[PDB]
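Novice: The structure follows.
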Amino acid sequence: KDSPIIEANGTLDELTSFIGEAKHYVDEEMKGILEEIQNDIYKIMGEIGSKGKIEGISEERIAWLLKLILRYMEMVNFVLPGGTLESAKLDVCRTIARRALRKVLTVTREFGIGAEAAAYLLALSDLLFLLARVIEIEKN
Amino acid sequence: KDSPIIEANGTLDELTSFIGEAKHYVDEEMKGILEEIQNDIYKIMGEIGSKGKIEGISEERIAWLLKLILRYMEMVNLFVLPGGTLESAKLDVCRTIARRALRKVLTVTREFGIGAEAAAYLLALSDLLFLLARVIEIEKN
Amino acid sequence: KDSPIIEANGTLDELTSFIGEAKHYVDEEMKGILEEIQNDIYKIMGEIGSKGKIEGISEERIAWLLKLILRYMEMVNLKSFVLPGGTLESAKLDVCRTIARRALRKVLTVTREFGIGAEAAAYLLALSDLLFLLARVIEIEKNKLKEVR
Amino acid sequence: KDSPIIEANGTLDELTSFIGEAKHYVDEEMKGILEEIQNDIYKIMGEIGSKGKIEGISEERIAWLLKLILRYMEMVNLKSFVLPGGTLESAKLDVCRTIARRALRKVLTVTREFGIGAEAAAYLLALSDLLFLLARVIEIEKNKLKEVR
Amino acid sequence: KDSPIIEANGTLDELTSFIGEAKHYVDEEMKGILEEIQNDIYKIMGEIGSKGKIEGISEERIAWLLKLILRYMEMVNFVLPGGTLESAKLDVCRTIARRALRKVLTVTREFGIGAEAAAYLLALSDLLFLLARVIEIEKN
Amino acid sequence: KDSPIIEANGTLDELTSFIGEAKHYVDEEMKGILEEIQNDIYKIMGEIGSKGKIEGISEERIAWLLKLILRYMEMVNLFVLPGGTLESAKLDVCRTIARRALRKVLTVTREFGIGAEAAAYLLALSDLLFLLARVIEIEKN
Amino acid sequence: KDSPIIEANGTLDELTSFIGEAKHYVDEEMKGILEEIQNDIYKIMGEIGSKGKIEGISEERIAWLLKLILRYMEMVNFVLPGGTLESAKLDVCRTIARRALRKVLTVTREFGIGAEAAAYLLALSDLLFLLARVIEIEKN
Amino acid sequence: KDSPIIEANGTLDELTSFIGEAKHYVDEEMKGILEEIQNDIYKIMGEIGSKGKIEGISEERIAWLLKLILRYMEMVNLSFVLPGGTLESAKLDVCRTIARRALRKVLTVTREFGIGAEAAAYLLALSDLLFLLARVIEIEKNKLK
Amino acid sequence: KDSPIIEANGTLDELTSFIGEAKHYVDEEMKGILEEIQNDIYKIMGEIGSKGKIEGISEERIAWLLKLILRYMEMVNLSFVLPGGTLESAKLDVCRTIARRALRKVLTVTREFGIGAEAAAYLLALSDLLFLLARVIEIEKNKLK
Amino acid sequence: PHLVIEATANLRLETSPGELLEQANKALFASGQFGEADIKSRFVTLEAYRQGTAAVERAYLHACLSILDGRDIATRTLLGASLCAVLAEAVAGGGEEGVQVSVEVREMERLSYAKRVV
Amino acid sequence: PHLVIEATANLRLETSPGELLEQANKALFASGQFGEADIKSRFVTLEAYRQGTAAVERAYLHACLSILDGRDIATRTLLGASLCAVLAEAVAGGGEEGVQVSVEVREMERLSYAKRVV
Amino acid sequence: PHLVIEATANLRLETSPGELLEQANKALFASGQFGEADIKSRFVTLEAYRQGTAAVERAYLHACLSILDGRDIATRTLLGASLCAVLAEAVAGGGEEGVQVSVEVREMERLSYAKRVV
Amino acid sequence: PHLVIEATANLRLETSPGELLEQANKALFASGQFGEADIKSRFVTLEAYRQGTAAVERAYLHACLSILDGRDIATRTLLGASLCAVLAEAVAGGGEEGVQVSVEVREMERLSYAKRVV
Amino acid sequence: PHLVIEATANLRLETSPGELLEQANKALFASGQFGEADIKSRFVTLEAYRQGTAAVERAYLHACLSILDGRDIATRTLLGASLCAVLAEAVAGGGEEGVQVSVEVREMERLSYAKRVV
Amino acid sequence: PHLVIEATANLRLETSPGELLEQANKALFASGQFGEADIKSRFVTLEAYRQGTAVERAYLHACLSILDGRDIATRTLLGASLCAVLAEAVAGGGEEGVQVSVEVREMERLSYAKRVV
Ligand SMILES: [N+]
């Protein structure tokens, strides 16, 4: 397929792989959340890789991210990344999510698809920041 | 010193470093395989960094990957989420980094006409890494 | 706004995150050094993200890296090329080294297009050299040098 | 949205409209054939207008045209080039033939830029060949072949 | 003059010529309508050919098309073009009107004139579709 | 096989086909004239399709059009709407198609340096067709 | 620095120099106004020359021009430039202000800075027109 | 009068002029061969100069070069040698390099205008033949560098 | 097979062919000099033709040209003169201009591919030497135009 | 699409606001560009307004049609012309002089647009 | 940024207009793009409205978010999606069928924009 | 041109809405860009509004000027600055802190624009 | 042009190989692209073949049409489709499931092509 | 995809042509690029062959894989290398010296390609 | 390089197919483009063939496959060289002239694989 498509799909694949590594360092609630995110990323790769022929994530999936963001915002009040080993993994995933976002933005600009996926990745990176801070705050 | 060369060389360096990390999470047999792969990547970096002046990997090295691919294909019934175990997650990461390196090498091949064998190797590598990751999950669960 | 800026800032962010992970695998002195590096990267991100409007790293920060490089060169006398990741700890540093190089590539693009970030680039180059040395030192200490075949 | 798409769809639309006019000047069998062609063109417009998202004509539709072409070739044994429009009826078909060629030119532009519509193009080429034959057959039947001077 | 101008004027000339042929196959009411349209097209060619120096059609002419469209919409409830010989002529004119529209759109994009003329041609093509269907419906 | 050649050739083919239709609506004298014109167009298509390798229309053919133009100019007092009669409407259509063909041939002339005589012929043809259309309307009303 | 920056700064410098000449031909009230304008122009050159690093004129400075414009509009009801020697100087300054405006507009289009400065120069040119007419009207 | 056409025609003209000089230093057999080549070049210039309107050399002319190449090949069995072992063979080495220069010009015409492929093939074979003729003269005189 | 490489190689080939012709009109000393130059050109063609994969001429070869330039310079003390005072010197004037044509082609390769600078220096010095050799022949025969 | 019609309080109409909205929706539908259910229109009476600076009594009528981008200039112009004709015909009078009627057509960014049915 | 929410008078909401505006502002803030004090939102009830042409009872809910330009399409889309989720959840019902909820995000020209604090 | 001024209900002004609209129209005319009769302005009081998320009492004042495209950035900026000065001066106070005053200038597509005088 | 038809030995045809070639040549001539005598076709029976990895018995039929370059994609596609129709209709059966019929159209380089009549 | 394997009659293989084809098809499927049923291979023994001009006994083994276009150079190169390894391993010997094994990968034009299932 | 020569069964050659293959390889070597051991040729007799639609006809076709990278002059010369060999090898066949043709095609060098066992 097209180079921007290949690069976007590949970087999304890298993202879900790093999340797949991170989910072994968090508790069962966060593990459940990360695996839903992996399912969403797989859905996104389908849409992007097929240049929009196959449907991607719904608005509801973004709405689901917003609900979690609002939840963890309640717990979180300039810090170095990786206060703990666990939070460090989520900080890595966060930056990979932004890297995937940049790749998807190129596809959106060129091909006019993946706007919803881009929004999802942006919100995801925000959630990952929050999750990393919640872990650190619990561990003082 | 061309940017595509530098980018391809750098991303190959990143690949062998992540493989260097993963090999501490696998058994002795798999560690042996990953260290052979690290040596192959060093040879590839030599060829690309020299713009084809230095010889790269032999086709015997691609054949070696192909042998291992045929071998592990039998213990894998080919969709599941990446990172079933911590160990297999490490290999899934390496696989995606191998694909990233492949994209950079492809750019070199199209612009300078070198690294076609290297690119074939990396594509084969990425498929093997997928299989190794699935094999680990199976031999654990 | 500018894609090269965004890409450089994003990749620097990824670098300090991987360093954030690695610092839990090294000893206290190296942890202290890695955390100073995280602060330097934060300073670099502020300058790049602002296109040279907010001040970046001072030349003293580069002098600091060079001091450490000279210190650890005394401990590393390699006869050959070695495979990355002789130990788990050194592998994390090798990963950080390559990400630093990837960050350097992005910052170089910014320097050539906008004329800012040369000192930042110099810092990243020296950082990648230091990370190589630290990786090898750890492997020396545990006798885990794996020479290239 | 895309001008080549819009132009190809518009010209296909013009083709089926001229065929729509011509079919009132031919006999029942030819009318039936021309109406099948109108339906094929409608299918082609749906695919092109959607940039290959909705399925276009099947290969069987091209096989169908080829069957008719082979059938009518048996009836046409021209020794020379002929002037278009020996009769009023055949003139309408000659007009349709040239519009089909104009449609083919527009669809070819779409194929070369978007990589879709090759089968549609093949269909239009065969259609123009069939329309030539039908025009001549009518002129044979009424003995109105006007050879080029 | 300029090539896009020449092409637009020529295609408009082709349009009014095809309408001039069609008006001999319709009844007296539709004939009256088609001849008004020919007068409007002549006005448009003046504006386009003079690159905007001479005034083109007024908003009222477009308003006149809208009134007819709303009228014949009342009578008309996916069909092959050319159900009758008469309706076939109007279907031809419709497609020529769209071809003229594409040519005028190029002029509008390049020279910033003929927007009103483009709107007129779009509405005209809609009216011609309706007129073709009304004829067929009366003839069953 | 160049696109401008193909487009010019195709549009000339469309022109002679519409003339082929119109000639069934005119009297014998006019039919004779239109069939001579169809022959001229066939000769023009030969030259353009061959990129100038084959000879086109002679200047005698342009002179012939000019003779007819001077002739019919006298029975026409040169603004009226196209298609006064059904018959004249057919010629008005042919005239505009002749102009469309002229635009395509002009593109060929400017890009390949051939077809200048063909273009002059088509321009003259379009003027004659205008006159024939008006003459029909006059000889009817 | 960059050529558009150099050209904008230089033309602004030319503007304040011509104003500096003109202020010796007007009365004390207009002289006070022109010298404020020279201070504003100096502020603008700082912002433009530093490519936006140094702050330029405030909204209040534009508001100050508007107040003067509204004032002199009350006194002023197609005339040749330079009815008097004095008004001729202000007419010159007006046209130089427009020339500076064109130069600053290029900088704004290219570098995204100097929009406020451009607005100021536009309003300034209007004020200078008014001042020139007020002088002539007093002198009949 | 397109520049690549003019340059290709001009260089072919230069080639046949140098061959015309060379043929006064070779024996009668090679002189006859060189004059046939001059006639083929004349035919090639007509085709290129007319942008392919006039027919160029035939496949038979290329086959003729090949027959001579095969003939003189069995006399030559060289390591690499310095050009111009003798005055006579030096003249042929010059013609060979002019033929290659002509080939380069013709290749530009072929790539841009789609004509002259056969002509280009002819010039390539010609340069091969001229190489052989040169060595044959040197071998016969025992003057291989 | 990049066009500038092919053209540079081809023109160097033309140069060594003309030198090969010229060496049959000069005395034994200059003939020996011209043959060394032919060997250096062969080495240069290997480097350029391989896009720098094969080593080209050394600095020593340029220094050798310079030594000869200094040697023949003390024999030449010219106003400007017309080329080809004698038949023999005319042959060298031709080679000098071919060397300059070769230099131009090599310069394009250097600017585009970053190789051949030494080769270019060699060809520049060579053209200077050939100028000197030509005048020396004319001075000795008393035929300076 | 979304249509907003603004009328100064001193404007007299030949029909009710409701009837005017119905006519506008029928005209918009007659373009053939939109599904019937997608045409959403509203009418606003301006109670606090000033036209110009002169002490003259004036009334105006303005409409803003918002559509998703993607349509060409011919369509955008036809929509504005259609609406303007409907609005102008609806005007009985107002103020001490002629009534200015105007219609804008603007485009909403499709890529970022969000829509749901509850 | 400036947010306008328009609701037809026949639309039933699960919360008050006030509570809805609060939820919208919290969602906008959660994007991380804006300072708290910069989010200005307003709610409008449409009293004179028509949806379509059919004699069917319908209600709709529309929002327009206006932000200064400079943000990328990902951000603009996230803002619209966030708001659309908040609005859709707030809908209890209306009319005789489903309720169309829509959100536009538009960009204000930053270069010409004027802002002051008094 | 069309000017809309929106003020929260808790905003106190130094003058009436009417006087404010008059001042705005005089400022717009003083730009020299428009015919007197073409300047149409309206004032809206926001009854249902929320600024931010904090439990703080705040008031704001916003204006949107819509002009036909074609004018350069200098003119668009001057218009916004002129209006912003007029609005800021009109503010007496509101809420428990400073009042945010803002002005947007937007461009209407001229090619598709429709205007008539009845 | 040159046509090669390959059929697995287990493929059952409706006619002889010779008649299939005649039908293929007629279809190629009906394109109007070639002089009659220039159409050269050959048929090959494959005795050693494998399709896929499964144990199921399969038959397949493949053709490769080689033509001089210069013709457009419409012509190349029509030639392939025409040949495919002829080949498919000639298949009676073979193997234990469906028979895959496929046709490639490839282009020979015209510039370097050599042809002579002896 | 279509694979043709050509072997000189004097070439000795370790396995039957049937088994070699099965190994080749398995290797192609391991690429992950093709559906199992789409891999069609055949083996041909050459009876009239010449290699070079020397009077030395020589055997060679050659394969040509044809695939539809669209795959990148890495995939093509991998496919070639995979097949070459399989063929090389199957060689037992032949002639008086080494056996040259070669594999070409070529691309069929996808746009004009025709396929049917009967 | 790989050369395939196809001859209809009714074609009469001046020599055996083996001799023809030897002449072809010699002509190919005389191009100077290939190593002797690299030139591989094969001959095939077509037993099932049709030419045109009407008549006894014989034809002779060759396809030369070479690795890409050589210019059009070289490709055209290779084709013309083989065509001369093939044409001269025809003694007759059929009731009319014998069409002889040669294609030169290019194999993609980047993806090409080769090994010596
Ligand atoms: N070929």
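In the structure tokens, each chain is lettered A, B, ... as it comes, each chain's residues begin at 1, and ligands are numbered from 1 in order of appearance.
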Env of residue D:122: 6 Å cut, atoms = only C-alpha atoms, seq-sep filter 2 positions within chain, self excluded. Answer as an MDAnalysis selection string.
Specialist: (chainID D and resid 119:120 124:125) or (chainID M and resid 74 77:78)
Novice: Can you write out the residues you just picked, keeping C-alpha atoms, as an mmCIF file, in the first residue's frame?
Specialist:
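Result file again.cif:
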data_model
loop_
_atom_site.group_PDB
_atom_site.id
_atom_site.type_symbol
_atom_site.label_atom_id
_atom_site.label_comp_id
_atom_site.auth_asym_id
_atom_site.auth_seq_id
_atom_site.Cartn_x
_atom_site.Cartn_y
_atom_site.Cartn_z
ATOM 1 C CA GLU D 119 -13.060 -3.099 -16.776
ATOM 2 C CA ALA D 120 -15.396 -0.167 -17.406
ATOM 3 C CA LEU D 124 -16.730 1.101 -23.420
ATOM 4 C CA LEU D 125 -14.146 0.107 -26.017
ATOM 5 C CA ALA M 74 -8.627 -0.359 -22.068
ATOM 6 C CA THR M 77 -7.979 -5.283 -20.342
ATOM 7 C CA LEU M 78 -10.419 -6.063 -23.183
#
Novice: Could you report the residues within 10 Å of ligand 1, using only C-alpha atoms and all ligand atoms, as a PyMOL selection string?
Specialist: (chain M and resi 66-69+106-113) or (chain O and resi 63-65+75+102-107)
Novice: What does the distance from atom CA of residue K:117 to atom CA of residue L:90 come to in Å, to one decimal?
Specialist: 12.3 Å
Novice: Fit chain E to chain A, using all C-alpha atoms paired in sequence order for the least-squares superposition, and then show me the result as a CSV table (one decimal) with C-alpha atoms, in the first residue's frame.
Specialist:
chain,number,residue,atom,x,y,z
E,1,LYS,CA,0.0,0.0,0.0
E,2,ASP,CA,0.9,3.7,0.2
E,3,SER,CA,3.9,4.7,2.3
E,4,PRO,CA,2.0,7.0,4.7
E,5,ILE,CA,-0.5,4.2,5.2
E,6,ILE,CA,2.2,1.7,5.9
E,7,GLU,CA,4.0,4.0,8.3
E,8,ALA,CA,0.7,4.7,10.2
E,9,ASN,CA,-0.3,1.1,10.5
E,10,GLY,CA,3.2,0.1,11.5
E,11,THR,CA,3.4,2.7,14.2
E,12,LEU,CA,0.0,1.8,15.5
E,13,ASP,CA,1.2,-1.8,15.6
E,14,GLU,CA,4.2,-0.6,17.6
E,15,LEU,CA,1.9,1.2,20.0
E,16,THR,CA,-0.3,-1.8,20.8
E,17,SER,CA,2.9,-3.9,21.3
E,18,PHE,CA,4.3,-1.5,23.9
E,19,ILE,CA,0.9,-1.4,25.6
E,20,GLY,CA,1.0,-5.2,25.5
E,21,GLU,CA,4.2,-5.1,27.4
E,22,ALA,CA,3.0,-2.4,29.9
E,23,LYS,CA,-0.1,-4.3,30.9
E,24,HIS,CA,2.0,-6.8,32.8
E,25,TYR,CA,3.2,-4.1,35.2
E,26,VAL,CA,-0.2,-2.7,36.2
E,27,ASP,CA,-3.1,-3.9,38.4
E,28,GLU,CA,-6.2,-5.8,37.2
E,29,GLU,CA,-8.3,-2.7,36.6
E,30,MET,CA,-5.7,-0.9,34.5
E,31,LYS,CA,-5.0,-4.2,32.8
E,32,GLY,CA,-8.6,-4.4,31.7
E,33,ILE,CA,-8.5,-0.8,30.4
E,34,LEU,CA,-5.3,-1.4,28.4
E,35,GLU,CA,-6.7,-4.5,26.7
E,36,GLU,CA,-9.8,-2.6,25.6
E,37,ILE,CA,-7.4,0.0,24.1
E,38,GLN,CA,-5.5,-2.8,22.3
E,39,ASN,CA,-8.9,-3.9,20.7
E,40,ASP,CA,-9.6,-0.3,19.7
E,41,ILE,CA,-6.1,0.1,18.1
E,42,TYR,CA,-6.7,-3.1,16.1
E,43,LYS,CA,-10.0,-1.6,14.9
E,44,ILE,CA,-8.2,1.6,13.9
E,45,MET,CA,-5.5,-0.4,11.9
E,46,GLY,CA,-8.3,-2.0,10.0
E,47,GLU,CA,-9.8,1.3,8.9
E,48,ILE,CA,-6.4,3.0,8.2
E,49,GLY,CA,-4.9,0.0,6.3
E,50,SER,CA,-8.0,-0.3,4.1
E,51,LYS,CA,-7.9,3.4,3.3
E,52,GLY,CA,-11.4,3.9,4.9
E,53,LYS,CA,-13.2,0.9,3.3
E,54,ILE,CA,-13.6,-0.8,6.6
E,55,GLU,CA,-15.2,1.1,9.5
E,56,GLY,CA,-13.0,2.3,12.3
E,57,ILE,CA,-13.7,3.3,15.9
E,58,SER,CA,-17.0,4.8,16.9
E,59,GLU,CA,-17.6,8.1,18.6
E,60,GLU,CA,-18.6,6.0,21.7
E,61,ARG,CA,-15.0,4.7,22.0
E,62,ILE,CA,-13.8,8.2,22.2
E,63,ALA,CA,-16.6,8.9,24.7
E,64,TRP,CA,-15.2,6.0,26.7
E,65,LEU,CA,-11.8,7.6,26.9
E,66,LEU,CA,-13.3,10.9,28.0
E,67,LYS,CA,-15.1,9.2,30.9
E,68,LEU,CA,-11.8,7.6,32.1
E,69,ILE,CA,-9.9,10.9,31.7
E,70,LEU,CA,-12.5,12.8,33.8
E,71,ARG,CA,-12.3,10.0,36.4
E,72,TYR,CA,-8.5,10.0,36.8
E,73,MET,CA,-8.3,13.8,36.6
E,74,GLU,CA,-10.0,13.9,40.0
E,75,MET,CA,-7.1,12.1,41.6
E,76,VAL,CA,-4.2,14.0,39.9
E,77,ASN,CA,-3.0,17.5,41.0
E,78,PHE,CA,5.9,19.4,36.3
E,79,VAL,CA,7.4,15.9,37.1
E,80,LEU,CA,10.1,13.8,35.6
E,81,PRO,CA,8.8,10.7,33.6
E,82,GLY,CA,9.2,7.4,35.3
E,83,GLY,CA,8.8,8.0,39.0
E,84,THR,CA,8.3,4.3,39.3
E,85,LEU,CA,9.1,1.4,37.0
E,86,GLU,CA,5.3,0.9,36.4
E,87,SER,CA,4.6,4.5,35.6
E,88,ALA,CA,7.7,4.6,33.4
E,89,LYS,CA,6.1,2.0,31.1
E,90,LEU,CA,2.9,4.0,30.7
E,91,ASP,CA,5.0,7.1,30.0
E,92,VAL,CA,6.7,5.2,27.2
E,93,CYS,CA,3.3,4.1,25.8
E,94,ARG,CA,2.1,7.8,26.0
E,95,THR,CA,5.0,9.0,23.8
E,96,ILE,CA,4.4,6.1,21.3
E,97,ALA,CA,0.8,7.1,21.1
E,98,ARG,CA,1.9,10.7,20.2
E,99,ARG,CA,4.2,9.2,17.6
E,100,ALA,CA,1.4,7.2,16.1
E,101,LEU,CA,-0.8,10.3,16.2
E,102,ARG,CA,1.8,12.2,14.0
E,103,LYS,CA,1.8,9.3,11.5
E,104,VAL,CA,-2.0,9.2,11.4
E,105,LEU,CA,-2.2,13.0,11.0
E,106,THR,CA,-0.2,12.6,7.8
E,107,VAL,CA,-2.7,10.1,6.5
E,108,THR,CA,-5.6,12.4,7.4
E,109,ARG,CA,-4.0,15.3,5.7
E,110,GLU,CA,-3.2,13.3,2.5
E,111,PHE,CA,-6.1,10.9,2.2
E,112,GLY,CA,-8.9,12.6,4.2
E,113,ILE,CA,-9.4,9.6,6.5
E,114,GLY,CA,-8.6,8.7,10.1
E,115,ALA,CA,-9.7,11.9,11.8
E,116,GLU,CA,-11.7,10.0,14.4
E,117,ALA,CA,-8.7,7.7,14.9
E,118,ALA,CA,-6.4,10.7,15.4
E,119,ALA,CA,-8.8,12.1,18.0
E,120,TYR,CA,-8.8,8.7,19.8
E,121,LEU,CA,-5.0,8.6,19.9
E,122,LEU,CA,-4.8,12.2,21.2
E,123,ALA,CA,-7.2,11.3,24.0
E,124,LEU,CA,-5.4,8.0,24.7
E,125,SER,CA,-2.1,9.9,25.2
E,126,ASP,CA,-3.8,12.1,27.8
E,127,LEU,CA,-5.3,9.1,29.6
E,128,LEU,CA,-1.9,7.4,29.6
E,129,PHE,CA,-0.3,10.5,31.2
E,130,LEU,CA,-3.0,10.4,33.9
E,131,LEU,CA,-2.6,6.6,34.5
E,132,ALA,CA,1.1,7.1,35.0
E,133,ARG,CA,0.6,9.9,37.5
E,134,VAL,CA,-2.1,7.9,39.5
E,135,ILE,CA,0.4,5.0,39.9
E,136,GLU,CA,3.1,7.3,41.3
E,137,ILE,CA,0.7,9.1,43.6
E,138,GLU,CA,-0.4,5.8,45.2
E,139,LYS,CA,3.2,4.8,45.7
E,140,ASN,CA,4.2,8.2,47.1
Novice: Taking the DSSP secondary structure from the backbone, can you list the residues of chain L that are alpha helix (DSSP H), as an NGL selection string?
Specialist: :L and (17-29 or 73-90)
Novice: Kindly give the distance, in Å, that separates atom CA of residue N:86 and atom CA of residue M:8, rounded to a single decimal.
Specialist: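 Result for atom CA of residue N:86 versus atom CA of residue M:8: 23.1 Å, one decimal.
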Novice: Counting only C-alpha atoms, what is within 12 Å of residue N:105, bar same-chain residues fewer than 6 positions away, as a PyMOL selection string?
Specialist: (chain N and resi 1-4+62-69+71-84) or (chain O and resi 67+106-114)
Novice: Using only C-alpha atoms, which chain B residues lie at most 12 Å away from chain I, written as a list in words?
Specialist: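 So the contacting residues turn out to be residues 50, 51, 52, 53 and 54 of chain B.
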Novice: Quick one: pull the distance between atom CA of residue I:132 and atom CA of residue I:89, Å, one decimal.
Specialist: 9.8 Å
Novice: Got a sec: who's within 9 Å of residue O:14, counting only C-alpha atoms, leaving out chain neighbours fewer than 3 positions off, as an MDAnalysis selection string?
Specialist: chainID O and resid 20 88:92
Novice: Residues of the last selection are to be written out with C-alpha atoms, as a PDB file, in the first residue's frame.
Specialist:
ATOM      1  CA  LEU O  20      20.959 -23.755 -33.708  1.00  0.00           C
ATOM      2  CA  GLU O  88      19.480 -17.800 -41.506  1.00  0.00           C
ATOM      3  CA  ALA O  89      18.531 -21.076 -39.803  1.00  0.00           C
ATOM      4  CA  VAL O  90      15.179 -21.371 -41.612  1.00  0.00           C
ATOM      5  CA  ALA O  91      15.071 -23.750 -44.584  1.00  0.00           C
ATOM      6  CA  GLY O  92      11.307 -23.465 -45.058  1.00  0.00           C
TER       7      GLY O  92
END
Novice: May I have the residues within 6 Å of stretch 99-105 of chain I as a count of residues only, using only C-alpha atoms and disregarding those fewer than 5 positions away in the same chain?
Specialist: 6
Novice: Neighbours of stretch 9-12 of chain F within 9 Å (only C-alpha atoms; same-chain residues fewer than 2 positions away dropped), as a list in words?
Specialist: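 Result of the neighbour search: residues 98, 99, 101 and 102 of chain D; 4, 5, 6, 7, 14, 15, 16, 17, 41, 42, 44, 45, 46, 48, 49, 97, 98, 100, 101, 102, 104 and 105 of chain F.
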Novice: Neighbouring residues of stretch 138-140 of chain H were defined as those with any atom within 10 Å, considering only C-alpha atoms; residues of the same chain fewer than 2 positions away were excluded. Please report them as a list in words.
Specialist: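 Once the adjacent positions are removed, what remains is residues 75, 76, 77, 78, 83, 84, 85, 86, 87, 88, 89, 90, 132, 133, 134, 135, 136, 142, 143, 144 and 145 of chain H.
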